[PDB]
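K.L.:
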Amino acid sequence: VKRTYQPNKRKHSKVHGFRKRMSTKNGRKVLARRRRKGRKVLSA
Amino acid sequence: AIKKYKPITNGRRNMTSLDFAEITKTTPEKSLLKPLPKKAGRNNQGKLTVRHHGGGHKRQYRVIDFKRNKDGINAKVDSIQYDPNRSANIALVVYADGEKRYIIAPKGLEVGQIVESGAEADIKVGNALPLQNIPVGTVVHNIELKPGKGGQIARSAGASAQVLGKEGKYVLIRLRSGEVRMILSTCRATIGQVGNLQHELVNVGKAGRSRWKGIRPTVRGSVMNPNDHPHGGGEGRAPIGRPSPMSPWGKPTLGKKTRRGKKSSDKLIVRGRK
Amino acid sequence: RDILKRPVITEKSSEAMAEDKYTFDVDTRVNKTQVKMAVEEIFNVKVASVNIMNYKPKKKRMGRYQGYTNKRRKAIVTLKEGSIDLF
RNA sequence: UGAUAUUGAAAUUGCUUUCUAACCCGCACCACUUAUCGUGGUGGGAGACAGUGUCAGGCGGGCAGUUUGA
RNA sequence: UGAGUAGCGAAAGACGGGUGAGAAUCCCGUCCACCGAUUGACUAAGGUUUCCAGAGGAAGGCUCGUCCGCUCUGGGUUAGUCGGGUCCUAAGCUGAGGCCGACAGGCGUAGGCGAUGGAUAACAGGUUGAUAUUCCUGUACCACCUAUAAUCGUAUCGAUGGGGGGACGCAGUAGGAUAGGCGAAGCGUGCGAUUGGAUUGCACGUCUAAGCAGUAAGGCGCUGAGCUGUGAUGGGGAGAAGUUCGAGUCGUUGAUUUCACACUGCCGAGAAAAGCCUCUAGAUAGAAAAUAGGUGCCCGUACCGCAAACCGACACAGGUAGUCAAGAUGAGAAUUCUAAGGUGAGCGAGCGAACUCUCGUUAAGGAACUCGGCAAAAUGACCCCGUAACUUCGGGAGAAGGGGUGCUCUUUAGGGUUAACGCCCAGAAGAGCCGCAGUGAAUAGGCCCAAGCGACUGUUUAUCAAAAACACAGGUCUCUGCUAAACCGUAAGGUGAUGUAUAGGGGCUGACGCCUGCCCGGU
RNA sequence: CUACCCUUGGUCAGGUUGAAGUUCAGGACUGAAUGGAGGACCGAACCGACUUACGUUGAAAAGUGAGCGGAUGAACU
Numbered sequence: 001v002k003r004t005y006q007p008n009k010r011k012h013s014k015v016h017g018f019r020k021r022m023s024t025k026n027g028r029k030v031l032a033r034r035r036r037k038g039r040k041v042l043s044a
Numbered sequence: 045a046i047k048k049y050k051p052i053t054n055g056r057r058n059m060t061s062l063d064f065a066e067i068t069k070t071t072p073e074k075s076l077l078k079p080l081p082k083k084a085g086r087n088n089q090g091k092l093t094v095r096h097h098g099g100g101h102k103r104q105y106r107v108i109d110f111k112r113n114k115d116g117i118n119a120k121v122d123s124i125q126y127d128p129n130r131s132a133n134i135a136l137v138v139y140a141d142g143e144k145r146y147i148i149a150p151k152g153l154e155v156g157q158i159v160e161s162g163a164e165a166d167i168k169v170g171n172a173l174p175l176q177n178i179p180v181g182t183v184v185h186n187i188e189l190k191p192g193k194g195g196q197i198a199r200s201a202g203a204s205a206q207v208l209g210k211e212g213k214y215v216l217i218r219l220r221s222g223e224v225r226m227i228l229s230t231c232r233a234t235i236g237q238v239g240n241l242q243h244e245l246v247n248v249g250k251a252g253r254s255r256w257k258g259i260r261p262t263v264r265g266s267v268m269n270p271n272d273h274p275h276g277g278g279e280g281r282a283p284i285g286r287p288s289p290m291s292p293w294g295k296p297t298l299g300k301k302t303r304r305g306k307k308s309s310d311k312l313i314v315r316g317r318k
Numbered sequence: 319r320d321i322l323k324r325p326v327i328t329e330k331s332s333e334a335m336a337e338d339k340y341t342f343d344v345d346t347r348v349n350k351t352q353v354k355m356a357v358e359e360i361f362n363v364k365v366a367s368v369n370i371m372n373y374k375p376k377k378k379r380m381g382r383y384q385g386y387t388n389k390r391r392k393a394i395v396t397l398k399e400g401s402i403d404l405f
């Protein structure tokens, strides 16, 4: 059987990375919200 | 013409194919091609706007000139060739002073031809001249609309239009479809007819040979669910069940006109299609 | 210059080829040309060649507490004439 | 689909018809510029129409919110 | 509690000798067994120290454990040439000005980023517990700099520009060489104990890049070309013998590898840009012949990688791209047995109950069973003969239905290569021998007669429906004159289409053959 | 992951048949050579998932055994 998560460093950082988050208004809201909570690890 | 096939299997049974005794060459001139990436009816939003496209075979865009704008600098039709992205066959004309171009090869040409600005060339197949010079009764193809952009009308395979009477501002034209309409007197047009007349005679035979020209299958609205097509569901095979067959987006798809009511070119049409 | 940190001495692969080559843990942001220059400037020799290898940080986790070691450049210089002392 | 603003001139009688500067050109060339973007300039075409704004009428299960008694 | 209960995750282990406080399990050895188009060698993604050595046995390991992918303590990754960057560009993304948009923001030109592709200089051997075109040994090639340079000066340097070239589909053959394989000459080791024999039994039969030549074929005397031959190489490796000595031959066969997307054919008409070669705009003023010396940065490099290290909660019968792929048998990468090489499955010992699962045989009968011949039996390969109705002339069809096959020995044509002998592939026919059975095992179509549906190949409900459903090639109606209609977005902007009525969108029907009747109230 | 598309790559042991076309002998058409066509045939990898048994507090939140279908293409990747 083929499961849903096939890991890929490039895919993971190109979709959920930091720079992809910072290159948007909404991603910046997400980063601000995670800094507000106190997350040890902001982005993926 | 066209060549048939013995029915050595199912699938090539009632299948015919165009017989390329007209294509006199098997390679394009290198410098007149460009890449041509496919788009399965996807717009710049990435969405599927126009259906039943996608797939097929790679192409190379032969840069054809529909301008045909020179000083009567003569040409010699060297090669007739295949164009994978228009129904006509193309013709690789060389000008008298070193230039290569692709004409829509009309029917019956290996001679040598002249773009005709004024009363320069003659009315013989392959000459492109204004509509003010072309006498009445000629069958021209590759007619411009706006003076100097490249001809747009009468451009498919085996297509041609008649030059009916004129006025000095707008020569009439009877298009291939029965449309009779006026065209500005300084818009070029090529004498003759566009060759490759067998193009409508060919049975593509099998469902795969249709699928490698870029045509995905077309489902019928009547075998779709109610949220997809107005022809909707129903138990068993159901009829249209409406007072009018509708298109997939909810417009009456049979008999209703979509021709705009305020266009600038309604003083240019004398009669409509019939 | 002081772009050399710590003379690596190990069981075999810092002594069993030590008569001719010397290994130094070096600063983690330096070419192997700066290392050549630094060794020629400190030990006063003439260097034939130099190799460099980065290591990962390995997670020595002792006492209910996680954590990584440091990363490090391991340079290995091959002398042409002369020798290095202190060991 | 109408009235109206952008919206001008002339004839003839508000319906009509002609013109050019408004407006428009997924027209041609030129310059920014060793860019099918754009801007500007020059011709052409169209021309007070189209497009756009406010107002009104009609069509409109394409879509929506709902009712469908005991 | 259920209860000392179900389970303990596919598979062959045995004994000896150890270590030990303690051994079915840990180590070493011998035998045996399993894979072997793979359970073997190598690599991309992924993981991220699981790699190695010394020590340990609390917890983990489905039992045990003295062991370990677990714990503790020290170690391990080496590049001018390998993969990526300092080179190029598809798709896509981003986008100075710009266009649009309540705001946010969207689209987009020049530009830039972006390999899965294009270009690009290094090979063979040796070594440790852990690296290996990286370290070392030998022999190289490429870019740049410094001192000479032979010979200089329209000599040279050229574009951020013009041109060429790069540069490309698919299929089918025939061919050239070579990798590999196989058999006999030199080799070296043995020459037995069970009857026998020494024309005996084994295992070996090598070697690169680069540079000098020449070279099947290929396209237009030029360009490019696998392979060969000389050195490279007194070297390195080498079955073995006593640090040193040690052979390296023929004949055959031959790819799916390379010449080579070559050549022919075909139609569905098959990337781009750079490096590269040139051209003059423009620079105007060195040496590329040669002599040596110097210079060459960043990133990955450990280990797993059909898996106990990845994705599946697990030391999980599942999933995971490409790469090399030996012998006997054969069409063959099928089948059976082995090679190189690697594993024996992380609970066992008894006894051989009912019952359940997997498997084998069975008297007479032969579908009588049953929703139904479901399941299982049977056919099954190669050669020869023979083969109906019907038909769209293609087919049906491997129709159906029969017969043959093992070994030995005689005699005769044969194919290839070949001085010749010699090998390899092949047969004929006939005389014999054996058996219950001769493609003696494994692998390998059940067939026919009718009927309903759908013409056909295809597609479909990931996980209760694979069909008569969908698609279809063909038919027909209808809208669309090009800023086309239709569609997405509020708009800019796009697709349609770099297309243009032999074209484009939409509705119905569904190959082919014969046809497709009537009514316009209403809507 | 799954559906569809786009751009650049890769894989499909072996065998069977024998269309057009051409070449020859005749006399438009015949026969023999050649040719190698096909959503052709058989059949491994590969990709599926028809039947059926087993499993169902499973080895596995969809699998295993035996058979079964496509296997040059509307292929798989």
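Chains as they are written, first to last, in this note's numbering: chain A, 1 to 44; chain B, 45 to 318; chain R, 319 to 405. Note that beta-carbon positions come from the ideal geometry of N, C-alpha and C, so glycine has one too.
Do you know offhand how far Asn-247 (chain B)'s Cα is from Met-59 (chain B)'s?
P.N.:
Spanning the two alpha carbons is a distance of roughly 5 Å.
K.L.:
Which whole-angstrom value is the C-beta distance of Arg-220 (chain B) and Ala-203 (chain B), which I expect to be below 8 Å?
P.N.:
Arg-220 (chain B) to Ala-203 (chain B), Cβ: 5 Å. Contact.
K.L.:
Just mark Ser-331 (chain R) as buried or exposed, buried being the case when its beta carbon has 16 or more other beta carbons within 10 Å.
P.N.:
The residue in question, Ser-331 (chain R), is exposed, as its Cβ has fewer than 16 Cβ neighbours within 10 Å.
K.L.:
Between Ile-187 (chain B) and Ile-217 (chain B), is the Cβ-Cβ spacing less than 8 Å?
P.N.:
For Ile-187 (chain B) and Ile-217 (chain B), yes; Cβs fall inside 8 Å.
K.L.:
Can you give the Cα-Cα distance for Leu-241 (chain B) and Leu-312 (chain B), rounded to whole angstroms?
P.N.:
Near 30 Å, if we compare the C-alpha coordinates of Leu-312 (chain B) and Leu-241 (chain B).
K.L.:
Counting C-beta neighbours from all protein chains within 10 Å, is the total for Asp-166 (chain B) 16 or more, i.e. buried, or is it exposed?
P.N.:
Flag for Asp-166 (chain B) reads exposed.
K.L.:
My parser needs the beta strand (DSSP E) runs of 3 or more residues fully inside the segment 240–316 of chain B; what are they?
P.N.:
If we require 3 residues or more, the beta strand (DSSP E) runs fully inside the segment 240–316 of chain B come out as 313–315.
K.L.:
Give me whichever residues DSSP pairs with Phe-18 (chain A) in a beta bridge.
P.N.:
Note: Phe-18 (chain A) sits in no beta bridge, so no partner.
K.L.:
Could you tell me the distance, in whole angstroms, from the CA atom of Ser-13 (chain A) to the CA atom of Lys-378 (chain R)?
P.N.:
For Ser-13 (chain A) and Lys-378 (chain R), the distance between alpha carbons rounds to 27 Å.
K.L.:
Considering only residues of the same chain and omitting the five flanking positions on each side of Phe-361 (chain R), which have a CB-CB separation below 7 Å?
P.N.:
Cβ within range, chain order: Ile-402.
K.L.:
Using CA coordinates, which residue listed in B:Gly-181, B:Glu-143, B:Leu-153 is at the minimum distance from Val-169 (chain B)?
P.N.:
Answer by Cα proximity: B:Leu-153.
K.L.:
By Cβ distance, which residues of its chain are closer than 6 Å to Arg-130 (chain B), with the 5 residues on each side in sequence left out?
P.N.:
Excluding residues within five positions, none has a Cβ falling inside 6 Å.
K.L.:
Tell me, which residues are paired with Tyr-214 (chain B) by DSSP?
P.N.:
Answer is B:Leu-228.
K.L.:
So if DSSP puts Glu-358 (chain R) in a beta bridge, which residue, or which two residues, is it bridged to?
P.N.:
Per DSSP, none; premise fails for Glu-358 (chain R).
K.L.:
Could you tell me the distance, in whole angstroms, from the CA atom of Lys-301 (chain B) to the CA atom of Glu-279 (chain B)?
P.N.:
If you take the alpha carbons of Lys-301 (chain B) and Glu-279 (chain B), they lie about 33 Å apart.
K.L.:
If you reduce the DSSP assignment to three classes, tell me which class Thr-341 (chain R) lands in.
P.N.:
It is a strand residue.
K.L.:
Look at the alpha carbon of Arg-317 (chain B) and the alpha carbon of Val-183 (chain B), and state the distance between them as a whole number of angstroms.
P.N.:
Roughly 18 Å separates the two Cα atoms.
K.L.:
So, is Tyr-146 (chain B) buried or exposed, given that buried needs 16 or more other C-beta atoms within 10 angstroms?
P.N.:
Classification of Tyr-146 (chain B): buried, given that the 10 Å Cβ count is 16 or more.
K.L.:
Give me whichever residues DSSP pairs with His-185 (chain B) in a beta bridge.
P.N.:
B:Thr-234, per the DSSP bridge assignment.
K.L.:
Among B:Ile-46, B:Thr-53, B:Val-137, which has the Cα closest to the Cα of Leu-76 (chain B)?
P.N.:
Nearest of B:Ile-46, B:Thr-53, B:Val-137 to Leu-76 (chain B), Cα basis: B:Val-137.
K.L.:
To the nearest angstrom, how far is it from the Cα of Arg-106 (chain B) to the Cα of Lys-82 (chain B)?
P.N.:
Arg-106 (chain B) and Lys-82 (chain B): Cα-Cα distance of roughly 15 Å.
K.L.:
Just to check my reading of the structure: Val-155 (chain B) and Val-180 (chain B) have Cβ atoms closer than 8 Å, yes? What is that Cβ distance to the nearest angstrom?
P.N.:
Not quite, the Cβ-Cβ distance comes to about 25 Å (not below 8 Å), so this is no contact.
K.L.:
Quickly, what does DSSP pair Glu-143 (chain B) with across the bridge? List them, please.
P.N.:
Per DSSP, B:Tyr-139.
K.L.:
Tell me the residue span of the beta strand (DSSP E) that contains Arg-390 (chain R).
P.N.:
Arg-390 (chain R) -> beta strand (DSSP E) spans 390–399.
K.L.:
In this structure, does DSSP put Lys-29 (chain A) in helix, strand or coil?
P.N.:
Residue state, collapsed to three classes: helix.
K.L.:
Please confirm whether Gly-116 (chain B) and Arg-260 (chain B) have their CB atoms less than 8 Å apart.
P.N.:
Taking 8 Å as the Cβ cut-off, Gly-116 (chain B) and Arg-260 (chain B) do not qualify as a contacting pair.
K.L.:
Which of the three DSSP states, helix, strand or coil, is assigned to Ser-61 (chain B)?
P.N.:
Three-state result, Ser-61 (chain B): strand.
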